[PDB]
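A.B. asks: the data below comprise the sequence and an experimental structure of the protein.
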Amino acid sequence: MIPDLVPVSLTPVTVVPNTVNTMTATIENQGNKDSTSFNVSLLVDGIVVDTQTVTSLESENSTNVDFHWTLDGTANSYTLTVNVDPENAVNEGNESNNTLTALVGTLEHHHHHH
């Protein structure tokens with residue numbers, strides 16, 4: 001009986017460099033134990049741009065974590081890593097399950113030119 005906090009997806013996978021992109025990390029607790037409050041941080045290539053602690057994550061239920069990331073335009077590819085509680089306050093199931101390393105690109109279609 002252990003919370004297996006798994007960051008499943010990070011949408012959108014391609015981001016518009018026009019605004020502060022409220023991205024949605026879908027964290028699903030794929031373990032049969034309801035998890036308590038946990039700090040989900042967005043690590044861009046290692047740096048922590050934003051941290052949003054979630055109230056709770058139920059067993060086999062998913063929570064939508066909204067990140068507050070201002071697109072810098074520093075790169076065309078960002079290595080967004082959703083590390084579910086890097087402090088391991090809630091000891092998760094599998095070691096590599098609490099992290100999500102996914103490349104997000106800059107969206108070709110922009111809502112605004114610049």
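C.D. replies: Arrived safely. Numbers count the residues shown, from 1 in each chain.
A.B. asks: contact partners for residue 62?
C.D. replies: 8, 26, 27, 28, 29 (Cβ atoms under 8 Å, 6 or more residues apart in numbering). Any C-beta I mention is one placed from the backbone N, CA and C, and that applies to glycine too.
A.B. asks: assumed residue 96 was part of a helix.
C.D. replies: Yes: checked against DSSP: H, G, I helix; E, B strand; the rest coil, residue 96 lies within a helix.
A.B. asks: so what sits opposite residue 102 in the bridge?
C.D. replies: Beta bridges link residue 102 to residue 80 when assigned by DSSP bridges.
A.B. asks: got it, and the one 4 residues further on?
C.D. replies: When bridges are taken as DSSP bridges, the partners of residue 106 come out as residue 15.
A.B. asks: check contacts around the nearest residue to residue 72 once chain neighbours are set aside.
C.D. replies: Computed as Cβ to Cβ, 6 or more residues apart in numbering, the closest residue to residue 72 that is not its neighbour in sequence is residue 17, at 7.7 Å. By Cβ under 8 Å, 6+ apart, the contact list for residue 17 reads 71, 72, 73, 106, 107, 110.
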